[PDB]
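*Asks:* Taken in sequence, the protein lines are chains N and X. With the first sequence counted from 1, adding 859 to any position gets you the deposited numbering. With the second sequence counted from 1, adding 6 to any position gets you the deposited numbering.
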Amino acid sequence: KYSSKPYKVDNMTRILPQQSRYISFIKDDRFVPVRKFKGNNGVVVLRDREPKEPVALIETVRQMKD
Amino acid sequence: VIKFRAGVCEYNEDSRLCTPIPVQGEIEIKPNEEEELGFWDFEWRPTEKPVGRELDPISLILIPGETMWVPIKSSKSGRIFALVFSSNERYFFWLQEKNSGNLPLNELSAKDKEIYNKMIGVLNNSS
């Protein structure tokens, strides 16, 4: 395997620790954190951007059970 | 007690025509928690909360001797349930299953004789 220029895909994609390093922060993706430098493994954090409107939502299991 | 399926539309009233939106929702008929009110209540099942509007599991109450049953208020759409209130922020319903729409609609919603014996009987009955 090797590494190349990252390209955009849909939501809910499998991302390895080498795969997340190429994630770029662009206002099109609505990434505005406090750390501003990310792409390690695990779960990231997205700070509130515009309080007037939400970012987006996807149907998950936690929404129904919690 | 009796399961029923319906939906909601917007609040804008101009020509009395409200175009339904594919919003997932369910309403159930239960009198009360302690049954101390004396009349059946119309609630909203917490199914989905689409973004872009204000939707919450809010209940609804009916006042006997006031609300009258109109079979349809709309000349374009069909199966529009009309419950007239006074400044109560009316919530319009609609019948999910489609039994009609290919014929002119005057008194037709579900059945002329069957529906007329439901909402009128519940209106006069109060506990």
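Beta carbons are placed, not taken as given, at the ideal position from N, Cα and C, and that holds for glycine.
I need the straight-line Cα distance from X/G44 to X/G127, nearest angstrom please.
*Replies:* One C-alpha to the other measures close to 14 Å.
*Asks:* For X/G71, count neighbouring C-beta atoms within 10 Å of its own C-beta (all shown protein chains included) and say buried if the count is 16 or more, exposed if not.
*Replies:* exposed
*Asks:* With distances taken from CA atoms, which of N/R873, N/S862, N/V891, N/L875 is nearest N/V914?
*Replies:* Taking each of N/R873, N/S862, N/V891, N/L875 in turn and checking the Cα distance to N/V914, the smallest one comes out for N/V891.
*Asks:* Where do the ends of the beta strand (DSSP E) carrying X/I126 lie?
*Replies:* Here X/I126 belongs to no beta strand (DSSP E); instead the alpha helix (DSSP H) covers 125-130.
*Asks:* Using CA coordinates, which residue listed in X/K117, X/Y97, X/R96 is at the minimum distance from X/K104?
*Replies:* X/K117
*Asks:* Would the beta-carbon of X/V7 fall within 8 Å of that of X/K36?
*Replies:* yes
*Asks:* On a Cα-Cα basis, can you pick out the residue from X/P77, X/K124, X/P63, X/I64 that is closest to X/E113?
*Replies:* For X/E113, the closest alpha carbon among the candidates X/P77, X/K124, X/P63, X/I64 is that of X/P77.
*Asks:* Under three-state DSSP, which class holds N/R873?
*Replies:* Correct three-state label for N/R873: coil.
*Asks:* What number of angstroms, rounded off, separates the C-alpha of X/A88 from the C-alpha of N/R921?
*Replies:* 37 Å
*Asks:* Do X/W50 and X/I64 have their CB atoms nearer than 8 Å?
*Replies:* yes
*Asks:* Let me know if X/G31 comes out buried or exposed under the rule of 16 or more other beta-carbons within 10 Å of its beta-carbon.
*Replies:* buried
*Asks:* So, is X/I86 buried or exposed, given that buried needs 16 or more other C-beta atoms within 10 angstroms?
*Replies:* Classification for X/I86: buried.
*Asks:* Note down, one range per segment and in chain order, each alpha helix (DSSP H) of at least 4 residues found wholly within the region 46-132 of chain X.
*Replies:* 118-122, 125-130
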